[PDB]
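> Compact mmCIF, C-alpha atoms and all ligand atoms, saved as upload25.txt, coming up:
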```txt
# COMPACT_ATOMS: atom_id res chain seq x y z
CA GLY A 22 36.53 -5.08 -5.67
CA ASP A 23 34.78 -3.96 -2.39
CA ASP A 24 35.90 -0.30 -3.05
CA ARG A 25 34.69 0.07 -6.71
CA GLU A 26 31.43 -1.82 -5.87
CA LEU A 27 30.85 0.54 -2.87
CA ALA A 28 31.55 3.59 -5.08
CA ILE A 29 28.97 2.42 -7.71
CA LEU A 30 26.37 1.86 -4.91
CA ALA A 31 27.08 5.28 -3.35
CA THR A 32 26.85 7.02 -6.74
CA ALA A 33 23.51 5.29 -7.51
CA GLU A 34 22.03 6.25 -4.04
CA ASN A 35 23.19 9.88 -4.61
CA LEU A 36 21.75 10.16 -8.15
CA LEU A 37 18.42 8.54 -7.11
CA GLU A 38 17.90 11.60 -4.80
CA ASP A 39 17.80 13.82 -7.97
CA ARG A 40 15.93 11.56 -10.43
CA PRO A 41 14.40 8.14 -11.13
CA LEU A 42 16.44 5.11 -12.21
CA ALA A 43 14.98 5.50 -15.78
CA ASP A 44 16.80 8.91 -16.07
CA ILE A 45 20.16 7.56 -14.70
CA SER A 46 22.55 6.00 -17.28
CA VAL A 47 25.35 3.41 -16.68
CA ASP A 48 27.65 6.25 -17.95
CA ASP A 49 26.35 8.39 -15.01
CA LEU A 50 27.04 5.50 -12.59
CA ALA A 51 30.51 4.69 -14.04
CA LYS A 52 31.47 8.41 -14.19
CA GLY A 53 30.31 8.95 -10.58
CA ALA A 54 32.33 5.88 -9.47
CA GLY A 55 35.49 6.95 -11.41
CA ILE A 56 35.42 3.79 -13.59
CA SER A 57 34.74 3.05 -17.24
CA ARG A 58 31.42 1.63 -18.54
CA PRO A 59 33.00 -1.79 -19.28
CA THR A 60 34.47 -1.86 -15.74
CA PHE A 61 30.94 -1.15 -14.40
CA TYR A 62 29.68 -4.31 -16.20
CA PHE A 63 32.35 -6.37 -14.34
CA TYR A 64 30.63 -5.44 -11.00
CA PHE A 65 26.92 -5.30 -12.13
CA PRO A 66 24.91 -6.38 -15.25
CA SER A 67 22.50 -3.40 -15.23
CA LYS A 68 21.48 -0.25 -13.33
CA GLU A 69 18.49 -2.42 -12.14
CA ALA A 70 20.95 -4.83 -10.42
CA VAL A 71 22.58 -1.89 -8.58
CA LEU A 72 19.14 -0.83 -7.20
CA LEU A 73 18.47 -4.44 -6.14
CA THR A 74 21.72 -4.47 -4.11
CA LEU A 75 20.94 -1.01 -2.56
CA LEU A 76 17.46 -2.20 -1.53
CA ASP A 77 18.86 -5.46 -0.20
CA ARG A 78 21.31 -3.43 1.98
CA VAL A 79 18.52 -1.20 3.38
CA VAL A 80 16.10 -4.07 4.06
CA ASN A 81 18.82 -6.08 5.85
CA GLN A 82 19.81 -2.95 7.85
CA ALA A 83 16.18 -2.72 9.15
CA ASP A 84 16.03 -6.44 9.79
CA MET A 85 19.35 -6.50 11.71
CA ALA A 86 18.20 -3.49 13.80
CA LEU A 87 14.98 -5.35 14.60
CA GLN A 88 17.05 -8.45 15.56
CA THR A 89 19.13 -6.28 17.95
CA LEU A 90 15.96 -5.02 19.58
CA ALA A 91 14.52 -8.63 19.73
CA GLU A 92 17.69 -9.82 21.60
CA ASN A 93 17.46 -7.36 24.56
CA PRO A 94 14.81 -8.01 27.27
CA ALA A 95 11.30 -6.71 26.30
CA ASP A 96 10.29 -3.10 27.20
CA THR A 97 7.87 -3.32 30.20
CA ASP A 98 5.70 -0.47 28.67
CA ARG A 99 3.62 -2.06 25.84
CA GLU A 100 3.10 1.19 23.86
CA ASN A 101 6.85 2.03 24.02
CA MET A 102 7.74 -1.56 23.09
CA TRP A 103 5.81 -1.26 19.80
CA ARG A 104 6.91 2.37 19.19
CA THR A 105 10.63 1.41 19.43
CA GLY A 106 9.98 -1.41 16.94
CA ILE A 107 8.05 0.68 14.37
CA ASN A 108 10.76 3.32 14.78
CA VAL A 109 13.44 0.93 13.43
CA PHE A 110 11.56 1.00 10.10
CA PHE A 111 10.76 4.74 10.28
CA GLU A 112 14.40 5.63 10.83
CA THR A 113 15.95 3.04 8.53
CA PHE A 114 13.72 3.65 5.49
CA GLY A 115 13.44 7.39 6.30
CA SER A 116 17.26 7.62 6.17
CA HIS A 117 17.19 6.04 2.64
CA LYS A 118 14.16 7.70 1.03
CA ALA A 119 15.58 7.67 -2.54
CA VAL A 120 16.38 3.91 -2.37
CA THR A 121 12.96 3.33 -0.66
CA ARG A 122 11.04 5.18 -3.37
CA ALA A 123 12.99 3.54 -6.25
CA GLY A 124 12.80 0.04 -4.70
CA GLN A 125 9.03 0.13 -4.13
CA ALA A 126 8.51 1.28 -7.75
CA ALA A 127 10.83 -1.52 -9.05
CA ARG A 128 8.60 -4.23 -7.39
CA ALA A 129 6.30 -3.79 -10.47
CA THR A 130 9.01 -4.60 -13.07
CA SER A 131 11.55 -6.77 -11.12
CA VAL A 132 10.71 -10.26 -9.84
CA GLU A 133 13.93 -10.17 -7.70
CA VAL A 134 12.87 -6.87 -6.03
CA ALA A 135 9.27 -8.18 -5.54
CA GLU A 136 10.62 -11.43 -4.01
CA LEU A 137 13.10 -9.57 -1.72
CA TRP A 138 10.31 -7.37 -0.35
CA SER A 139 7.92 -10.36 0.01
CA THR A 140 10.51 -12.43 1.84
CA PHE A 141 11.23 -9.72 4.44
CA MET A 142 7.53 -8.82 4.86
CA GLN A 143 6.82 -12.49 5.67
CA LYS A 144 9.64 -12.45 8.27
CA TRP A 145 8.41 -9.19 9.85
CA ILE A 146 4.78 -10.40 9.94
CA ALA A 147 5.86 -13.71 11.53
CA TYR A 148 7.82 -11.86 14.18
CA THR A 149 4.94 -9.47 14.85
CA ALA A 150 2.52 -12.44 15.24
CA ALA A 151 4.99 -14.17 17.63
CA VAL A 152 5.13 -11.06 19.82
CA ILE A 153 1.29 -10.74 19.81
CA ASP A 154 1.06 -14.49 20.68
CA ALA A 155 3.51 -13.98 23.60
CA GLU A 156 1.44 -10.97 24.80
CA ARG A 157 -1.72 -13.15 24.73
CA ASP A 158 0.05 -16.09 26.48
CA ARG A 159 1.16 -13.78 29.37
CA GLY A 160 -2.45 -12.36 29.66
CA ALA A 161 -1.40 -8.86 28.46
CA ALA A 162 -3.44 -8.94 25.15
CA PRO A 163 -6.95 -10.34 24.47
CA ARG A 164 -7.51 -13.32 22.13
CA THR A 165 -9.35 -11.47 19.37
CA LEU A 166 -8.36 -11.86 15.68
CA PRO A 167 -5.98 -14.58 14.45
CA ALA A 168 -2.60 -13.05 15.33
CA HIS A 169 -0.99 -13.73 11.91
CA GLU A 170 -3.92 -12.04 10.05
CA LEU A 171 -3.81 -9.01 12.39
CA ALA A 172 -0.04 -8.86 11.97
CA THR A 173 -0.37 -9.01 8.17
CA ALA A 174 -2.79 -6.05 7.97
CA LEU A 175 -0.74 -3.95 10.44
CA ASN A 176 2.50 -4.57 8.50
CA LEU A 177 0.79 -3.73 5.18
CA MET A 178 -0.59 -0.55 6.75
CA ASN A 179 2.96 0.44 7.80
CA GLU A 180 4.38 -0.38 4.33
CA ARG A 181 1.84 1.81 2.54
CA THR A 182 1.60 4.58 5.14
CA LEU A 183 5.36 5.06 5.69
CA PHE A 184 6.07 5.04 1.94
CA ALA A 185 3.28 7.55 1.28
CA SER A 186 4.61 9.82 4.05
CA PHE A 187 8.24 9.67 2.84
CA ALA A 188 7.17 10.32 -0.83
CA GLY A 189 4.94 13.27 0.22
CA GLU A 190 2.00 11.65 -1.60
CA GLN A 191 -1.43 13.23 -1.53
CA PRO A 192 -2.94 11.79 0.56
CA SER A 193 -0.38 10.98 3.31
CA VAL A 194 0.13 11.36 7.03
CA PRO A 195 2.74 14.08 7.62
CA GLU A 196 6.14 12.54 8.32
CA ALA A 197 6.22 14.24 11.71
CA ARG A 198 2.91 12.54 12.66
CA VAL A 199 3.27 9.08 11.09
CA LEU A 200 5.03 7.32 14.01
CA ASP A 201 2.39 8.41 16.55
CA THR A 202 -0.44 7.56 14.10
CA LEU A 203 0.84 4.01 13.48
CA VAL A 204 1.65 3.31 17.16
CA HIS A 205 -1.89 4.27 18.13
CA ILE A 206 -3.45 1.88 15.59
CA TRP A 207 -1.07 -0.99 16.50
CA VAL A 208 -1.61 -0.64 20.28
CA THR A 209 -5.38 -0.19 20.14
CA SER A 210 -5.81 -3.10 17.73
CA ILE A 211 -3.44 -5.48 19.60
CA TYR A 212 -4.71 -4.69 23.14
CA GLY A 213 -8.35 -3.65 22.45
CA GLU A 214 -11.31 -5.99 23.18
CA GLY B 22 -21.86 5.82 -29.68
CA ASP B 23 -22.93 4.56 -26.17
CA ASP B 24 -23.20 0.94 -27.55
CA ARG B 25 -19.74 0.69 -29.29
CA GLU B 26 -18.07 2.50 -26.32
CA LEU B 27 -19.75 0.02 -23.87
CA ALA B 28 -18.63 -2.93 -26.05
CA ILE B 29 -14.97 -1.71 -26.03
CA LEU B 30 -15.12 -1.29 -22.19
CA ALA B 31 -16.68 -4.75 -21.72
CA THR B 32 -14.09 -6.37 -24.02
CA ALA B 33 -11.21 -4.67 -22.13
CA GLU B 34 -12.60 -5.78 -18.67
CA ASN B 35 -12.97 -9.36 -20.02
CA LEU B 36 -9.43 -9.54 -21.51
CA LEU B 37 -7.84 -8.00 -18.36
CA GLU B 38 -9.07 -11.15 -16.47
CA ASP B 39 -6.73 -13.26 -18.72
CA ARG B 40 -3.70 -10.94 -19.05
CA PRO B 41 -2.17 -7.52 -18.34
CA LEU B 42 -2.89 -4.42 -20.43
CA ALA B 43 0.67 -4.71 -21.94
CA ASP B 44 -0.35 -8.08 -23.55
CA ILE B 45 -3.72 -6.73 -24.91
CA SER B 46 -3.60 -5.04 -28.37
CA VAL B 47 -6.04 -2.44 -29.83
CA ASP B 48 -6.73 -5.19 -32.46
CA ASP B 49 -7.86 -7.45 -29.54
CA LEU B 50 -10.11 -4.65 -28.22
CA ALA B 51 -11.54 -3.73 -31.67
CA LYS B 52 -12.06 -7.43 -32.59
CA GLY B 53 -13.78 -8.11 -29.24
CA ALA B 54 -16.04 -5.06 -29.78
CA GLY B 55 -16.88 -6.01 -33.42
CA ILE B 56 -15.34 -2.78 -34.79
CA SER B 57 -12.28 -1.92 -36.86
CA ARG B 58 -9.04 -0.50 -35.38
CA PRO B 59 -9.68 2.97 -36.89
CA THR B 60 -13.23 2.93 -35.44
CA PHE B 61 -11.68 2.13 -32.02
CA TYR B 62 -9.56 5.33 -32.29
CA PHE B 63 -12.79 7.36 -32.79
CA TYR B 64 -13.93 6.29 -29.25
CA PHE B 65 -10.50 6.13 -27.42
CA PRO B 66 -6.89 7.29 -28.17
CA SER B 67 -5.16 4.27 -26.55
CA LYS B 68 -5.74 1.05 -24.60
CA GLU B 69 -4.50 3.13 -21.57
CA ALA B 70 -7.49 5.51 -22.00
CA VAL B 71 -9.90 2.53 -21.96
CA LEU B 72 -8.43 1.37 -18.59
CA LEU B 73 -8.77 4.93 -17.25
CA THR B 74 -12.49 4.94 -18.12
CA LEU B 75 -12.99 1.42 -16.59
CA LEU B 76 -11.28 2.51 -13.36
CA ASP B 77 -13.26 5.75 -13.30
CA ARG B 78 -16.50 3.68 -13.56
CA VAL B 79 -15.49 1.36 -10.68
CA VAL B 80 -14.30 4.16 -8.39
CA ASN B 81 -17.52 6.14 -8.98
CA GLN B 82 -19.59 2.96 -8.38
CA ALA B 83 -17.94 2.63 -4.90
CA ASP B 84 -18.35 6.32 -4.21
CA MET B 85 -22.06 6.37 -5.21
CA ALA B 86 -22.68 3.26 -3.02
CA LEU B 87 -21.00 5.05 -0.11
CA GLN B 88 -23.18 8.14 -0.79
CA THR B 89 -26.31 5.91 -0.65
CA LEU B 90 -25.21 4.56 2.69
CA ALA B 91 -24.34 8.14 3.95
CA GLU B 92 -27.93 9.30 3.06
CA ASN B 93 -29.82 6.73 5.23
CA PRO B 94 -29.88 7.25 9.04
CA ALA B 95 -26.70 5.93 10.80
CA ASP B 96 -26.57 2.28 12.02
CA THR B 97 -26.99 2.36 15.85
CA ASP B 98 -24.33 -0.47 16.21
CA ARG B 99 -20.88 1.18 15.74
CA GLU B 100 -19.06 -2.00 14.60
CA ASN B 101 -21.81 -2.78 12.02
CA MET B 102 -21.83 0.85 10.87
CA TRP B 103 -18.14 0.64 9.90
CA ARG B 104 -18.43 -2.95 8.56
CA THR B 105 -21.23 -1.95 6.13
CA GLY B 106 -19.06 0.96 4.93
CA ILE B 107 -15.85 -1.08 4.41
CA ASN B 108 -18.02 -3.69 2.69
CA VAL B 109 -18.99 -1.21 -0.07
CA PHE B 110 -15.30 -1.19 -1.09
CA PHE B 111 -14.81 -4.94 -0.54
CA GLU B 112 -17.75 -5.80 -2.76
CA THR B 113 -17.26 -3.11 -5.39
CA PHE B 114 -13.52 -3.64 -5.97
CA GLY B 115 -13.84 -7.41 -5.33
CA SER B 116 -16.45 -7.58 -8.14
CA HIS B 117 -13.92 -5.88 -10.52
CA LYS B 118 -10.61 -7.52 -9.57
CA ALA B 119 -9.09 -7.35 -13.10
CA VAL B 120 -9.84 -3.58 -13.41
CA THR B 121 -8.63 -3.12 -9.76
CA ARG B 122 -5.33 -4.89 -10.38
CA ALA B 123 -4.70 -3.12 -13.73
CA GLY B 124 -5.71 0.32 -12.38
CA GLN B 125 -3.45 0.15 -9.31
CA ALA B 126 -0.50 -0.87 -11.54
CA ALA B 127 -1.26 2.01 -14.00
CA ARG B 128 -0.91 4.62 -11.15
CA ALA B 129 2.91 4.25 -11.71
CA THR B 130 2.82 5.20 -15.44
CA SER B 131 -0.38 7.33 -15.78
CA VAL B 132 -0.75 10.77 -14.15
CA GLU B 133 -4.54 10.64 -14.93
CA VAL B 134 -4.92 7.27 -13.12
CA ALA B 135 -2.75 8.51 -10.18
CA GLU B 136 -4.83 11.72 -9.94
CA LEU B 137 -8.17 9.82 -10.14
CA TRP B 138 -7.14 7.53 -7.28
CA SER B 139 -5.76 10.47 -5.23
CA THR B 140 -8.91 12.51 -5.70
CA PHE B 141 -11.22 9.72 -4.47
CA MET B 142 -8.89 8.75 -1.58
CA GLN B 143 -9.01 12.38 -0.38
CA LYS B 144 -12.84 12.28 -0.55
CA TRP B 145 -13.05 8.95 1.33
CA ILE B 146 -10.57 10.11 4.00
CA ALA B 147 -12.50 13.37 4.48
CA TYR B 148 -15.73 11.46 4.89
CA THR B 149 -14.14 9.00 7.32
CA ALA B 150 -12.75 11.92 9.41
CA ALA B 151 -16.21 13.61 9.41
CA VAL B 152 -17.82 10.42 10.75
CA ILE B 153 -15.09 10.05 13.45
CA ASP B 154 -15.60 13.75 14.36
CA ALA B 155 -19.39 13.18 14.66
CA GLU B 156 -18.74 10.10 16.87
CA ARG B 157 -16.49 12.23 19.13
CA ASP B 158 -19.02 15.14 19.22
CA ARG B 159 -21.82 12.74 20.39
CA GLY B 160 -19.45 11.26 23.09
CA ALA B 161 -19.30 7.81 21.38
CA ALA B 162 -15.50 7.98 20.50
CA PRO B 163 -12.57 9.35 22.56
CA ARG B 164 -10.56 12.41 21.41
CA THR B 165 -7.28 10.63 20.69
CA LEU B 166 -5.38 11.16 17.40
CA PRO B 167 -6.22 13.97 14.95
CA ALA B 168 -9.21 12.45 13.12
CA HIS B 169 -7.93 13.27 9.59
CA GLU B 170 -4.52 11.61 10.30
CA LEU B 171 -6.21 8.51 11.76
CA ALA B 172 -8.58 8.42 8.79
CA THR B 173 -5.65 8.70 6.35
CA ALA B 174 -3.76 5.72 7.81
CA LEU B 175 -6.92 3.56 8.03
CA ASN B 176 -7.85 4.30 4.39
CA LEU B 177 -4.28 3.55 3.22
CA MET B 178 -4.37 0.30 5.20
CA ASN B 179 -7.60 -0.67 3.39
CA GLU B 180 -6.16 0.29 -0.03
CA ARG B 181 -3.07 -1.87 0.42
CA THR B 182 -4.70 -4.74 2.33
CA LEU B 183 -7.74 -5.18 0.03
CA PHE B 184 -5.59 -5.01 -3.10
CA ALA B 185 -3.11 -7.54 -1.69
CA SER B 186 -5.98 -9.89 -0.76
CA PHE B 187 -7.69 -9.65 -4.17
CA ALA B 188 -4.32 -10.17 -6.03
CA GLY B 189 -3.45 -13.20 -3.82
CA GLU B 190 -0.11 -11.56 -2.96
CA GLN B 191 2.29 -13.19 -0.54
CA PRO B 192 1.85 -11.85 2.06
CA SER B 193 -1.91 -11.10 2.21
CA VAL B 194 -4.90 -11.60 4.46
CA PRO B 195 -7.12 -14.31 2.93
CA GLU B 196 -10.04 -12.74 1.07
CA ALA B 197 -12.47 -14.55 3.35
CA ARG B 198 -10.83 -12.94 6.42
CA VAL B 199 -10.02 -9.42 5.18
CA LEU B 200 -13.36 -7.74 6.06
CA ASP B 201 -13.28 -8.96 9.68
CA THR B 202 -9.56 -8.06 9.99
CA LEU B 203 -10.08 -4.48 8.77
CA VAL B 204 -13.26 -3.89 10.81
CA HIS B 205 -11.44 -4.94 13.98
CA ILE B 206 -8.57 -2.49 13.38
CA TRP B 207 -10.94 0.38 12.43
CA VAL B 208 -13.23 -0.11 15.47
CA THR B 209 -10.46 -0.61 18.02
CA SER B 210 -8.49 2.38 16.73
CA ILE B 211 -11.53 4.73 16.45
CA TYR B 212 -13.13 3.79 19.82
CA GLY B 213 -10.05 2.72 21.88
CA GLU B 214 -8.51 4.99 24.57
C1 LIG C 301 7.97 0.35 4.96
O1 LIG C 301 7.56 -1.00 5.13
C2 LIG C 301 7.37 -1.40 6.41
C3 LIG C 301 7.55 -0.70 7.57
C4 LIG C 301 7.32 -1.24 8.80
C5 LIG C 301 6.91 -2.58 8.91
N1 LIG C 301 6.73 -3.22 10.15
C6 LIG C 301 6.91 -2.72 11.39
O2 LIG C 301 6.85 -1.49 11.59
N2 LIG C 301 7.11 -3.54 12.43
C7 LIG C 301 6.83 -3.06 13.79
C8 LIG C 301 7.55 -3.85 14.84
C9 LIG C 301 7.32 -5.33 14.66
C10 LIG C 301 7.86 -6.14 15.82
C11 LIG C 301 7.88 -5.72 13.33
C12 LIG C 301 7.13 -5.02 12.23
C13 LIG C 301 6.73 -3.29 7.73
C14 LIG C 301 6.93 -2.71 6.49
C1 LIG C 302 -9.13 -0.41 -2.16
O1 LIG C 302 -8.98 0.93 -1.70
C2 LIG C 302 -9.77 1.28 -0.64
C3 LIG C 302 -10.71 0.54 0.02
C4 LIG C 302 -11.42 1.04 1.07
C5 LIG C 302 -11.23 2.36 1.48
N1 LIG C 302 -11.99 2.95 2.51
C6 LIG C 302 -12.99 2.41 3.25
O2 LIG C 302 -13.06 1.18 3.38
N2 LIG C 302 -13.87 3.20 3.86
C7 LIG C 302 -14.63 2.67 5.00
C8 LIG C 302 -15.89 3.43 5.27
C9 LIG C 302 -15.63 4.91 5.35
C10 LIG C 302 -16.84 5.68 5.82
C11 LIG C 302 -15.08 5.35 4.03
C12 LIG C 302 -13.76 4.68 3.76
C13 LIG C 302 -10.27 3.12 0.81
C14 LIG C 302 -9.53 2.58 -0.23
```
Show me, as structure tokens, the structure contained in the file I just sent.

Amino acid sequence: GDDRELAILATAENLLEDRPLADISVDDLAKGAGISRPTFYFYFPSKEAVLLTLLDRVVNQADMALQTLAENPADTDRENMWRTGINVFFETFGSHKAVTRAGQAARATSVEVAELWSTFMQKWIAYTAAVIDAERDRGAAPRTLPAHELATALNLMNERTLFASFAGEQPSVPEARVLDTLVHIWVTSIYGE
Amino acid sequence: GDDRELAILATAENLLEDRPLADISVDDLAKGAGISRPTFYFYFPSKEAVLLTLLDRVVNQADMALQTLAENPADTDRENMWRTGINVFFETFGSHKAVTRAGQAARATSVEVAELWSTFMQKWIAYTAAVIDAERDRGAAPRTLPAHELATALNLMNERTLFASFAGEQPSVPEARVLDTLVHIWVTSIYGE
């Protein structure tokens, strides 16, 4: 079970580097995984379900990395604190660009992909707002915008900006500049009065 | 010519308030415009071409409003200067939410829609960077990030945040909060050291 499922998922991630999900057949997935087509349908109903599982894996990888960071004591340097956090997403999604690209596109056509992304964005926004609230409570950040509203716009900026950078969209921030760009906007907007 | 073309465009904008372009037929468009199907094909090749023209109209409306603002002397109050500028996009796109929603979705499936949006984003980013550069030259803004990179992330934030707000996505900034939210992040990031 585990082994043939993992092989299908690995094959899908590899083929999505070359082409979009529309141009990948179940035959391609079964062939890559060394199984028959009917055996593929035992593990997944569709190529779309495979992408959902890949995206779920990547999103939970980012979330579990963020939880690991949240568990350790807080970085005493506020800019570095936020940079290490944004970097979890930069490195996790940047290490899975094909799944990232395909998953964002699938939000349009898949309610399960749209709901997965929504769910995790709400969790990441809530956490961001809780950190901003803690910074205000300790007198390290000014009481300016509603923290949850600020957190929402900053998280949406990172969603759009990181995906544009990884896809090489025109326009985009160069990948080698995007972490510095986003940290600057987070720190100035969280700590600026 | 002008009159039947305008009627098709008006019908399309009206029907997109009720449903997506996928659920609107050429019959629906011709019927709404008081023409036959074959007469529709004289003016446009597809329902997709109608949406392209609607989006083109809206994007050029925003751009021409921004040009009008760019022509007048600069607002002496830096926060108000940026607020009046962001408000051009808030009001223009917010007044055409059905075309906005349908056009953003069509970027996925239409190279002409994707190129239209890209073209105008590059123009708006260039203008933003030129204003930031002028603010630095006059000693009103600090020389922090590369202006074009800062401008790119701020414009992508507005793209994603305003569209989420107008679509009522979860998550989103409430529409009644989104202008204040974005102005705060632009002003703190442009003027913060
Ligand atoms: C590609 O999509 C996203 C990429 C990044 C984000 N969010 C973040 O960077 N953080 C920064 C650190 C914070 C404590 C949690 C949120 C959201 C979406
Ligand atoms: C919905 O998509 C966008 C909505 C807004 C923008 N950009 C802007 O707000 N401005 C602010 C003022 C500046 C001088 C030009 C750019 C881009 C995309």
> Using the file's own x, y and z axes, so that the box edges lie along x, y and z, what centre and edge lengths in Å (one decimal) does a box around every listed atom of segment 75-84 of chain B get when 5 Å is added on each side? Give it as JSON.

```
{"center_x": -15.4, "center_y": 3.8, "center_z": -10.4, "size_x": 18.3, "size_y": 15.0, "size_z": 22.4}
```
> Compile the contact shell of segment 201-205 of chain A as a PyMOL selection string: residues with an atom at most 12 Å away, counting all atoms listed in the file, same-chain residues fewer than 4 positions apart removed.
(chain A and resi 99-108+110-111+175-183+186+193-197+209-213) or (chain B and resi 165-175+177-178+206-207+209-214)
> Work out how far apart atom CA of residue 188 of chain A and atom CA of residue 118 of chain A are and give it in Å to one decimal.
7.7 Å
> Enter the distance from atom CA of residue 149 of chain A to atom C13 of ligand LIG 301 (chain C), in Å, rounded to one decimal.
9.6 Å
> Nearest to ligand LIG 302 (chain C): which of B:88, B:32, B:191, B:131 is it, counting all atoms listed in the file?
B:88
